[PDB]
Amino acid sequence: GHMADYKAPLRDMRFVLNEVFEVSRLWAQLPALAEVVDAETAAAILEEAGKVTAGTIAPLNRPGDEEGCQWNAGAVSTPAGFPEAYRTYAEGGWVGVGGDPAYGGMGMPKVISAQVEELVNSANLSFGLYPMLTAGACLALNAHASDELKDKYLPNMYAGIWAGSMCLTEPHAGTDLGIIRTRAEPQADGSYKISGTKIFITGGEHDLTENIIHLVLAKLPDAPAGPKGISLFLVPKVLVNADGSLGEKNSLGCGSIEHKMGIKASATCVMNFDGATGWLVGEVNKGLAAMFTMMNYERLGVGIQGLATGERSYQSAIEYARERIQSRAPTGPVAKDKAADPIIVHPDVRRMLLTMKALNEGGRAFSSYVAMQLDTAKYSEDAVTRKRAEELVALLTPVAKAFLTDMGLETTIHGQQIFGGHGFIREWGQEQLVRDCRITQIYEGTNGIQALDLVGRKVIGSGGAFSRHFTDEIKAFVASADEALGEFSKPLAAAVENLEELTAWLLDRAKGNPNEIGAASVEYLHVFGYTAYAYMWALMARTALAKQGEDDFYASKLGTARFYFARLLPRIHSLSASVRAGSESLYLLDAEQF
């Protein structure tokens, strides 16, 4: 089956970064980046990422799903060719592309590392997860670990010689980390002995790397109840001798791997810690704070994973829709040389194709806009600019997490539906992308919890002020619009006004009743998402209108823009009516009446 191989969308990625956001203008100013990345460097990095992802990584995706991982007396093996692909990936510098050059990382800004993330996850989501975990663990160690821990573990982790894991989830504890049971017993020598059971640990055990550095959430015996008793620990699979060589295997193991709907090449481990030796990261009781930066970057990364599956689905769907012939166009036969017309002639096929296209390109734009905010928070020399950026990271990362993953699933489902019956057959690859995409809505925080964060902490919690940072920039953009941009800036203004009135309705309603927050959450986040994508599409329309006639690319972009505004943006109205119904109808029945 399949037919369609992965090709990196480098043309669209150049349009978003270089033409829309003009990131290289910003690099010139910020002297932390000025001597790390320019247009030339960035282009060569993406050119190389496209080659390794399409050439080595993508051809492993299907066979990885069909084989899955194997557990053999506590050792986990990845599908054939995974250890070899990983070695190539790590030696190329790809594990630490966004890593700190102070410990041998490449130091690329998030707008570049995010585009690399998208390429690897589109080619093979299971594969992409492995280095994503290592990069995530480096952020937490860099931000909060002691100089001794950082000097001992970070260099091998940015080089991808040593892998990372995040050991948070327990049988009774995923969302509610405050009730974890894993214990850390302080030792006289300054270390801790970690005892407990962790579940659903991605890459908790595998055969890609000689060591895995686990970040383990635990409580000291004397810790407070709840999340304010949580501490974070660095726990190596293999303890490291004084000379930096591998020494004694730590008192921890993988008990089993899970049987899953998807990302079957991603080893998902029950990890048992039996007084495993570990070192505090950050401060006692401040384990959640130790992961604050990690989670901001991981929220965007998981959003990118959802987008990535949508993009892969679309490359297969447009190739299939031009090749597969069935029936005739309703205006009459289009392929008069053939027995039937390519299925792209049919209105409903174009509706599904254009929904995928508008969501993938809008999602790609929004992922870069949020990467730009992470880069401003980190690199801006101005305190007011960094603070505005940080507040925009707090507001938008939940939206990037929940919205890109929800739209990704919708996209992968459209991509499968375009194949008809063939779409249900595994050799065509479309059914795997639905199963792969589905995890991105559940882990690194369920989408329901992402939306409770948004409405609870970022909206109610800031009096609306964090939203208004975003919606004030969109109206400033609207006030700037020429006549031609008016086609997009006018419906955008109306969407922004809808969102502002819904925000005000919610701030009023949440005063009486705390149930109002959770009731509105997921649908409010969607209203916010379609509004944000209207902003991304308006921005992309401005550039394409200016460059119209210079290249066919700009015509395609404007057509996709016009689809988004005509057919997808009106989704805000029903979502706003549903939110405005309130929580009353959610609480008419007691638990027994369900």
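Numbering starts at 1 and follows the sequence shown.
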If you average the CA temperature factors as listed in the entry, which stretch comes out higher, 205-213 or 381-389? 381-389
Using only the Cα atoms and their B-factors as the entry lists them, report which of 24-32 and 533-541 averages higher. 24-32
Which has the highest CA B-factor per the PDB entry: 406, 348, 248, 311? 248
From the entry's CA B-factor values, the highest among 481, 270, 138, 318 is 481
Of the three thirds of Cα B-factor ranks in this chain, residue 224 occupies the highest
Residue 556's Cα B-factor: lowest, middle or highest third of the chain? middle
Among the chain's modelled residues, which third holds the C-alpha B-factor of residue 567? middle
What third of its chain, lowest, middle or highest, does the C-alpha temperature factor of residue 471 fall into? middle
On the chain's distribution of Cα B-factors, residue 362 falls within the third called lowest
